[PDB]
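Shown next as structure tokens: one chain only, the form deposited in one PDB entry.
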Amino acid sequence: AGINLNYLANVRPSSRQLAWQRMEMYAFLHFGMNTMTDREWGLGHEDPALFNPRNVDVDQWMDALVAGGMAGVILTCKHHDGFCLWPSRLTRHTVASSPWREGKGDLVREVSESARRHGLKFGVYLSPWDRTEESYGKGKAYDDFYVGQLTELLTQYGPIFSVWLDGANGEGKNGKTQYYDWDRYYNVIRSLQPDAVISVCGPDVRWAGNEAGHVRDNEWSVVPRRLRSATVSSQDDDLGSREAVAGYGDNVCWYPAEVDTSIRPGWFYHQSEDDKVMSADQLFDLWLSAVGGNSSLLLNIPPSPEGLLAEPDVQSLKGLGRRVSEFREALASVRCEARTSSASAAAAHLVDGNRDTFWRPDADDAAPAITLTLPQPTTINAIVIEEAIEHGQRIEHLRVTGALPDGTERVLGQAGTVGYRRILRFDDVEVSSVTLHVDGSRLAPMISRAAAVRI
């Protein structure tokens, strides 16, 4: 193997990136002034008197998120309109000036506390774009204000798992375009919350860039480093193939994808969209596609102006969670005999329920493969396979075969990348065994789990 391949096959996640990956799916909570004014885009300078939801019940939100199987929640602490959901000391444009809770409330506190009681991690979105704040457009003075608010959020509310950042901007009242001192912002986050992943407009987690309803066929976590300050764009179908990254040499990095979408057409709640909430089945397919396609899933659910998650959203979440649990429960009810093409001693690692142990074929194994034999003919429609990503991402082509009770065997399906998890789906079939052929790989693959199941 050449220097380049030895490099690519060993690019690896940091501690914070690995912990983040293991979350799999978490929620976004869009709630604030835009909810009250029924907008996707706020104008700024909205009257704080308009923020007076009568029945905020964050435990109702968290209850539904747990039932949905979420690992954490990212709250919109301040959106583009600039209204802050905590009583910031740096602006009067906050819940402290609203009639909500007699001006004595702190929704960031209320949410973070409830998240922790519910076993969910807590993250923040603090909008760089600010349509109210006076310093906006002045340059450094707005950076000072932003950093000031980051500091409040990152020091007063306990551990933060993610700081989510988009890059929208505009002109201030002075007519000048505000640009952000990203490097300065990153230092603050790294300093105050070392374990947090800085996401999207940050170096730790990449916006998947997919068209809604689509995920990459091949999602590589190892990609050109230039994608971190985002010729090539985040929306390209092929970011990480050998051909795509060839010319970049060592200028690549571990920069894993996050698929983000809303359960409704809009990010904020609009009553007119109450008949347009994704169903539990739509969410499940999404989960299977994202979390079964080497991407984390960020799912937005917006509370209504009353201060509750709406009934359809709660039901979809509940059904999503039920489908995910049924899937895992069947993935454990599975009785299989695992056999490998080499390193049979390590074959045990495929089924010990330890994500830290893996099977890796011998260097001279020219056809690495895992055979799973079933106690008797069973119907299956998917295989689950996971790489030991702590050590990198390597698999490039996977071919799955099934041995039918009727002597013969056929191809059940193929896939490219695996990474954190590949759930390969196909038509319901009855087999006595399946073989996973790792036809292509950057050096020897390290596989921590393999399984055949019926969804």
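Under this definition, the rigid core comprises the largest set of C-alpha atoms superposing within 1.5 Å between the forms. Position 1 is the first residue in the sequence shown; the rest follow in order. Residues that one form lacks are left out of the comparison.
The modelled chain breaks after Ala230 and resumes at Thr231, leaving 10 or more residues of the deposited sequence without coordinates. The mean C-alpha temperature factor is higher for 362-370 when 138-146 and 362-370 are set side by side. Taking the PDB entry as given, 395-403 carries the higher mean Cα B factor of the two stretches 395-403 and 29-37. Going by the entry's values, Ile380 shows the largest Cα B-factor out of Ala115, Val205, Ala71, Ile380. The entry assigns its greatest Cα B factor, within the set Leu298, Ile189, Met278, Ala332, to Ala332. In the deposited entry, the Cα temperature factor of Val58 places it in the middle third of its chain's modelled residues. Among the modelled residues of its chain, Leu65 has a C-alpha B-factor that falls in the middle third, as given in the PDB entry. For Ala450, the recorded CA B-factor ranks within the middle third of the chain. Only modelled residues enter the ranking. Among all modelled residues in this chain, the alpha-carbon of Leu350 has a temperature factor (C-alpha) in the highest third. Remark: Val384 belongs to the middle third of its chain, ranked by C-alpha B-factor as recorded.
As for the form deposited in another entry, it is not shown, yet the points below apply to it.
Among the candidates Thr357, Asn169, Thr378, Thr373, the CA atom that moves 2 angstroms or more between the shown form and the other one after core superposition belongs to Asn169 alone.
For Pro194, a C-alpha deviation below 2 angstroms is recorded between the shown form and the other one after rigid-core alignment. The Cα shift for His214 between the shown form and the other one, taken after rigid core superposition, is 2 angstroms or larger. Cα of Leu299 to Cα of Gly213: at least 3 Å shorter in the other entry than in the shown structure. Relative to this conformation, a decrease of 3 Å or more in the Cα-Cα distance between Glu24 and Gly213 is found in the other entry.
167-176, 210-214 are the runs of at least 3 consecutive shared residues whose C-alphas each shift by 2 Å or more between the shown form and the other one once the core is superposed.
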